[PDB]
Amino acid sequence: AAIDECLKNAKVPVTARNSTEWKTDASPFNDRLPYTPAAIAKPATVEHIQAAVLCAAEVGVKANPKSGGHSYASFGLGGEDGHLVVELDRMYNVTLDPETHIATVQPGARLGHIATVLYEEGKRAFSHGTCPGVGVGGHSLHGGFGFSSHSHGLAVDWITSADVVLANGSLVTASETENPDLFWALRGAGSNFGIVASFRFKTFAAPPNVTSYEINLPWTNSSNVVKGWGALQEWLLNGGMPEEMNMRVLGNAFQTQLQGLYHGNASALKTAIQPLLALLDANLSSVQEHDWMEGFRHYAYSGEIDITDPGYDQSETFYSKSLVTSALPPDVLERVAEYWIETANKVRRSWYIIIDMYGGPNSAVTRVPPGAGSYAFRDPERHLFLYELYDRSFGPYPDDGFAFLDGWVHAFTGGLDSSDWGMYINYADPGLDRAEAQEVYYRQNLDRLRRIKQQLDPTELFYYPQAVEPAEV
Ligand SMILES: *Cc1cc2c(nc3c(=O)[nH]c(=O)nc-3n2C[C@H](O)[C@H](O)[C@H](O)COP(=O)(O)OP(=O)(O)OC[C@H]2O[C@@H](n3cnc4c(N)ncnc43)[C@H](O)[C@@H]2O)c(*)c1C
Ligand SMILES: *[C@@H]1O[C@H](CO)[C@@H](O[C@@H]2O[C@H](CO)[C@@H](O)[C@H](O)[C@H]2NC(C)=O)[C@H](O)[C@H]1NC(C)=O
Ligand SMILES: *[C@@H]1O[C@H](CO)[C@@H](O[C@@H]2O[C@H](CO)[C@@H](O)[C@H](O)[C@H]2NC(C)=O)[C@H](O)[C@H]1NC(C)=O
Ligand SMILES: O[C@@H]1[C@@H](O)[C@H](O[C@@H]2CO[C@@H](O)[C@H](O)[C@H]2O)OC[C@H]1O
Ligand SMILES: O[C@@H]1[C@@H](O)[C@H](O[C@@H]2CO[C@@H](O)[C@H](O)[C@H]2O)OC[C@H]1O
Ligand SMILES: O[C@@H]1[C@@H](O)[C@H](O[C@@H]2CO[C@@H](O)[C@H](O)[C@H]2O)OC[C@H]1O
Ligand SMILES: O[C@@H]1[C@@H](O)[C@H](O[C@@H]2CO[C@@H](O)[C@H](O)[C@H]2O)OC[C@H]1O
Ligand SMILES: *[C@@H]1O[C@H](CO)[C@@H](O)[C@H](O)[C@H]1NC(C)=O
Ligand SMILES: *[C@@H]1O[C@H](CO)[C@@H](O)[C@H](O)[C@H]1NC(C)=O
Ligand SMILES: *[C@@H]1O[C@H](CO)[C@@H](O)[C@H](O)[C@H]1NC(C)=O
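Cut-off values and rules
- Residues numbered from 1 in each chain as written, not as in the entry; some residues may be left out.
- Chains lettered and ligands numbered in written order.
- Heavy atoms only, no water.
- Near = heavy atom within 4 Å.
- Polar contact = N/O pair within 3.5 Å; in protein donor to acceptor, adjacent residues only side chain to side chain.
- Areas by Shrake-Rupley, 256 points an atom, 1.4 Å probe, with all protein chains shown as cover.
- Helix = DSSP H or I, 4+ residues; strand = E, 2+ residues; numbered from the N terminus.
- Nonpolar A, V, L, I, M, F, W, Y, C, P; charged D, E, K, R; others polar.
- Domains from an automatic or database assignment.
- Contact = heavy atoms within 4.5 Å.
- Disulfide = S-S within 2.5 Å.
- Expected span 1.5 Å × (residues − 1).
- Buried < 20%, exposed > 50% of the residue type's maximum accessible area, 1.4 Å probe, protein only.
- Patch = residues over 30% accessible without salt bridge, like charges linked within 9 Å, V, L, I, M, F, W, Y side chains within 5 Å.
- Salt bridge = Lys/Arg side-chain N within 4 Å of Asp/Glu carboxyl O.
- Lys, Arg positive; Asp, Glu negative; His and termini not counted.
- Charge placed at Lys NZ, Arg CZ, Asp CG, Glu CD.
- Buried area = accessible area lost by both parts, 1.4 Å probe.
- Pairing = 2+ DSSP bridges.
- Axes fitted to C-alpha atoms, helices over the stretch in contact; angles between N-to-C directions.

As recorded in the entry header, the structure was determined using X-ray crystallography to a resolution of 1.80 Å.

So, in structure tokens, the structure goes:
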């Protein structure tokens, strides 16, 4: 087709439809949501990215970058058939400057590869998610929360500059001192404004020891969930969680526990966690001290860490939702608990819920000021918890299945004003319509996002079904 001929004349490397690599390059992370691209460009340099983008514009097709391919809605594939996919995973180099400790990171580098290189070359790190296969591109441009985030913030907070290919093929560098509107827009909503062709990340010195630990929670009936969560949120909101502690609740039908990573040794952790243990009447278990990389591996849930192979093919079949909330009133705690116990525990599919200890007085995430970036959830009281709800099938996903997580999310949102909750596009939920998605993902920052969108991509070349809409002028 025309897109194929344009890419060829422009000397852009591609994955041919009839090749062996098509299957790998086109395949989603979420097997529930395959899409068939118009074509797959396979850039080795920013020049190829520019030329691919220009081809999409000249020919009249939409284009989307795919970095790690982990979008829960397959938005890296375009979220529908027939987009040019700019597959970035042949571009994964990570360079660490010994002087400034700034990392130059190509946009197809996956988190495990990044973590490995930064640690091996200078014992450095930045704050990012668990999950070695996740691409830096989607992850860092929309937030990025992991077991260093209470201590050090979101992945997006470590970006110091980015080189961007715009919808008309122009190159720009965005930073605090250059294209500041674009830099603001990238840092929360970056899928909408161009293809980032190179990132520069600041780093921190990796702690020599981290300590993983667990606290089992007796959340086997509704009253125990309510009292336990009510205590936990009061503890967090009143500054109980020290900077060095990073923690979440992981629940499934068969066990509920706090899981943590403490940036320090085991004796220091025991001292730091004692107040919470006394409040919950609970005990520590599985206390394990690690070096920095073993700490990462511990929560990776993956055999491979330093992943760079273009053959990468990890995939699951699922539906997922997210939330960001304040502390929850007990009426909401009761509804959420009843749903958990009476409904979720009886669902005959693998599911889990993660409640990250996200905000409160000591969180680095919510110390970032309200105007710093488009990422919407920075209030240390109002943005207290971040949630992942995940519903996974081993066969085909049942078409009536969506009601399960939908009902659970309703148990929260029915009792919270829209100023006290949002959603998180790193757990992209294609059940939301486009208007709803923009509002819940970006909240108070949507209007300015829409204005920048009209300025930078008025034709919506980077369209996907939950993309920011350009403002009308
Ligand atoms: C599969 C998976 C996802 C995880 C895991 N663990 C996480 C964690 O511990 N914390 C988190 O905050 N998130 C976790 N996630 C979710 C991922 O963070 C999100 O799913 C990321 O958005 C995935 O990023 P990536 O792998 O790059 O996904 P893509 O599908 O390629 O892209 C998503 C989105 O971003 C746009 N995009 C990619 N690359 C670019 C560039 N270079 N420029 C602009 N826009 C870009 C895509 O077009 C698409 O819209 C653990 C697991 C197992
Ligand atoms: C990423 O880094 C490596 C260097 O480690 C680059 O490797 C060079 O690749 C070119 C061909 O592209 C060869 O001529 C050189 O011999 C390679 N050098 C080494 C040391 O192997 C690679 O090109 C870079 N990749 C990207 C996508 O930029
Ligand atoms: C490519 O798009 C960019 C961004 O929209 C254009 O740059 C803008 O041009 C307008 C009009 O001249 C200026 O007022 C803006 O300040 C520019 N923005 C930036 C970020 O520099 C650019 O003109 C476009 N190029 C072409 C050929 O269409
Ligand atoms: O087997 C499950 C893991 O696959 C799951 O992995 C989670 C993926 O989403 C990320 O945001 C989480 O950090 C990560 O733990 O963890 C739970 C486990 O049951
Ligand atoms: O910051 C808050 C602390 O003040 C609180 O500490 C407890 C206060 O009550 C006393 O009985 C206990 O000795 C002490 O641990 O813990 C919660 C935290 O958010
Ligand atoms: O394409 C999928 C949609 O069909 C799905 O829509 C949901 C179906 O079940 C209804 O009860 C829900 O209200 C509705 O949102 O959402 C997921 C998407 O991938
Ligand atoms: O005005 C914009 C429309 O042009 C855009 O239409 C999309 C174009 O790509 C097609 O594959 C989609 O199906 C179609 O919806 O929709 C968004 C709107 O802002
Ligand atoms: C603490 O860190 C060092 C390297 O920083 C590591 O080799 C050692 O095994 C760690 N200690 C424990 C108890 O795991
Ligand atoms: C919930 O379970 C606990 C045991 O952990 C029990 O003491 C309590 O009475 C139970 N409450 C109800 C209402 O079933
Ligand atoms: C644990 O950490 C503290 C500082 O937080 C340090 O003084 C102490 O020596 C450490 N313990 C061990 C066994 O290294």
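### What to know about the site of ligand 1
Ligand 1 sits among 33 residues. The nearest are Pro65, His70, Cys131, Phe145 and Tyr424. A distance of 2.6 Å separates an oxygen atom of ligand 1 from a polar atom in the backbone of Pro65. The separation between a nitrogen atom of ligand 1 and a polar main-chain atom of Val196 is 2.9 Å. Notes on ligand 1: free accessible area 970 Å², of which the protein chains cover 93%. Only β3 (63–66), α5 (136–141) and β10 (195–201) provide two or more residues apiece to the shell around ligand 1. Among the elements that take part in the shell around ligand 1, α5 stands out by supplying four residues, more than any other. In the shell around ligand 1, the residues fall into 14 nonpolar, 18 polar and one charged. Summarising the domain contributions, the shell around ligand 1 has at least three residues from each of domain 1 (1–208 + 438–473) and domain 2 (209–437).

### Overview of the site of ligand 2
Close to ligand 2 lie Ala44, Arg90, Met91, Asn93 and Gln106. Between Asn93 and ligand 2, the recorded distance is 2.3 Å, taken from a side-chain N or O atom to an oxygen atom. Alone, ligand 2 offers 570 Å² of accessible surface; in the complex the protein occludes 22% of this. When the residues that make up the shell around ligand 2 are grouped by side-chain class, the tally is two nonpolar, two polar and one charged.

### Some thoughts on the side chain of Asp25
One can find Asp25 in helix α2 (residues 21–26). Reaching out from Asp25, the side chain makes a polar contact with the side chain of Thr15 at a distance of 2.6 Å. Excluding anything up to four places from it in sequence, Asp25 contacts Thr15, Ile40, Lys42, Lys66, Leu77, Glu87, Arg90 and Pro310.

### Considerations on the state of the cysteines
Counted according to the given criterion, the structure contains one disulfide. Here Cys6 is linked by a disulfide to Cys55, with a sulfur-sulfur distance of 2.1 Å. With the S-S dihedral at roughly -85°, the linkage between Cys6 and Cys55 falls on the left-handed side. Here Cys6 is found in helix α1 (residues 2–9), whereas its partner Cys55 is found in helix α3 (residues 46–59), with 49 residues between them in sequence.

### Structural notes on α3
With 14 residues, α3 extends 20 Å between its outermost C-alpha atoms, agreeing within 8% with the 20 Å of an ideal straight helix rising 1.5 Å per residue. Within the span of α3, buried status applies to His48, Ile49, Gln50, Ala51, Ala52, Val53, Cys55 and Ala56. Among the residues trailing α3, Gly60 stands out with phi positive, at a value near 95°.

### Brief notes about the environment of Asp447
Residue position: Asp447 is located in helix α14 (residues 446–456). Since its relative accessible area comes to 54%, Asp447 is described here as exposed. Sequence separation between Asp447 and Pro13 is 434 residues, and the spatial gap between their C-alpha atoms is 37 Å.

### Focus: a negative patch on the surface
A contiguous patch of negative charge on the surface is contributed by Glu120, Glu121, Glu304, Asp306, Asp309 and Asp313. Its place among the elements puts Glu304 in the loop between α10 (292–298) and β16 (317–325). In this structure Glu304 comes out as partly exposed when scored by relative accessible area, which is 48%.

### Focus on the domain arrangement of the protein chain
One can read the domain layout of the protein chain as domain 1 (1–208 + 438–473) and domain 2 (209–437). Taking the mean C-alpha position of each, domain 1 and domain 2 sit 25 Å from one another. Each partner contributes to the interface: domain 1 provides 72 residues, whereas domain 2 provides 74 residues. In this assembly, domain 1 packs against domain 2 so that about 6,000 Å² is buried in total across both faces, 57% of it on carbon and sulfur atoms. Together, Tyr72, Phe147 and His150 form the three largest contributors to the area buried by domain 1 at its contact with domain 2, with a combined 17%. On inspection of domain 1 and its partner domain 2, the count reaches two salt bridges.

### Re the sheet that holds strand β2 (residues 39–41)
Ordered by their spatial adjacency, four strands build an open sheet running β1-β2-β4-β3, and the pairing between neighbours is mixed. Here the strands that pair on one side only, and so sit at the sheet edges, are β1 (14–15) and β3. As paired strands, β2 and strand β4 (residues 84–87) are joined by three bridges and run parallel to one another. Each residue of the ladder has a partner; that of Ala39, found in β4, is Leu84. Those strands touched by α1 are β1, β2 and β4, and its axis lies near 20° from that of β2. Packed on one face of the sheet, α3 meets β2, β3 and β4 and runs near 175° to β4.

### Some points on the pattern of salt bridges
A complete count under the given rule lists 18 salt bridges for this structure. The shortest N-O distance in the salt bridge between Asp181 and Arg448 comes to 2.9 Å. Here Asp181 is found in helix α7 (residues 180–189), whereas its partner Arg448 is found in helix α14, with 267 residues between them in sequence. According to the relative accessible area criterion, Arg448 is partly exposed, its value standing at 30%. One network of salt bridges, with partners in common, ties together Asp25, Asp89, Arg90 and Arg110.

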